[PDB]
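Visitor: the data below comprise the sequence and an experimental structure of the protein.
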Amino acid sequence: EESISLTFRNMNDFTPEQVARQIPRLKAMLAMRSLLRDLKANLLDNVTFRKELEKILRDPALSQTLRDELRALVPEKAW
Ligand SMILES: [Cl-]
Ligand SMILES: [Zn+2]
């Protein structure tokens, strides 16, 4: 799926501090999903995969907890 959704379950979710955490997180998740699909469909080699991965996870607005969950999705043979 080429798409992702930010769901607001209350009005307090629209707070600029909440939007600023949620937008880069969802962007990293969608970029990661596309990159893993590219790798699994053999559309890019391991060297390109690792270069793109580092770009995705470089976003300073991401939590290290999220980066860890994203890196845990990488198949062992792509390292
Ligand atoms: Cl999470
Ligand atoms: Zn989690």
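Guide: All right, it came through fine. Numbers count the residues shown, from 1 in each chain. Ligands and ions are numbered 1, 2, ... in the order given.
Visitor: after the longest helix seen in the chain, which helix or strand is next?
Guide: The residue-count maximum for a helix in the chain (DSSP state H) belongs to helix 16-40. Counting by DSSP states H and E, the next helix or strand C-terminal to helix 16-40 is helix 46-57.
Visitor: next one: that following helix to chain centre, how far?
Guide: Mean-position distance between helix 46-57 and its chain equals 12 Å (Cα atoms, centre = their mean, to the nearest Å).
Visitor: got it, and stretch 62-76?
Guide: Using Cα atoms, centre = their mean, the offset of stretch 62-76 from its chain centre is 8 Å.
Visitor: and the residue sitting furthest away from the middle of the chain, how close does it get to residue 39?
Guide: Distance from the C-alpha centroid of the chain peaks at residue 11, with 25.2 Å (Cα atoms, centre = their mean). Computed as Cβ to Cβ, to the nearest Å, the residue 11 to residue 39 distance reads 39 Å. The way it works is simple: take the backbone N, C-alpha and C, and place the C-beta from them, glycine included.
Visitor: rewinding a little: which outside residues touch the longest helix of the chain?
Guide: With contact meaning Cβ atoms under 8 Å, 6 or more residues apart in numbering, helix 16-40 is reached by 1-6, 12-13, 44, 49, 52-53, 56-57, 59, 61-63, 66, 70, 73-75, 78.
Visitor: now a PyMOL select for only the buried ones of the residues you listed.
Guide: In PyMOL syntax, the buried subset of the contacts of helix 16-40 is picked out as below (16 or more other Cβ atoms under 10 Å):
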select buried, resi 49+52+53+56+57+62+66+70+74
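Visitor: return the subset of the contacts of helix 16-40 lying in helices.
Guide: Reading helices off the contacts of helix 16-40 with DSSP H, I get 49, 52-53, 56-57, 66, 70.
Visitor: would you list those residues in a markdown table and tack on distance to residue 30?
Guide: As requested, the ones in helices among the contacts of helix 16-40 are exported to a markdown table (distance: Cβ to Cβ, whole Å):
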| residue | distance to residue 30 |
| --- | --- |
| 49 | 16 |
| 52 | 13 |
| 53 | 14 |
| 56 | 10 |
| 57 | 14 |
| 66 | 13 |
| 70 | 11 |
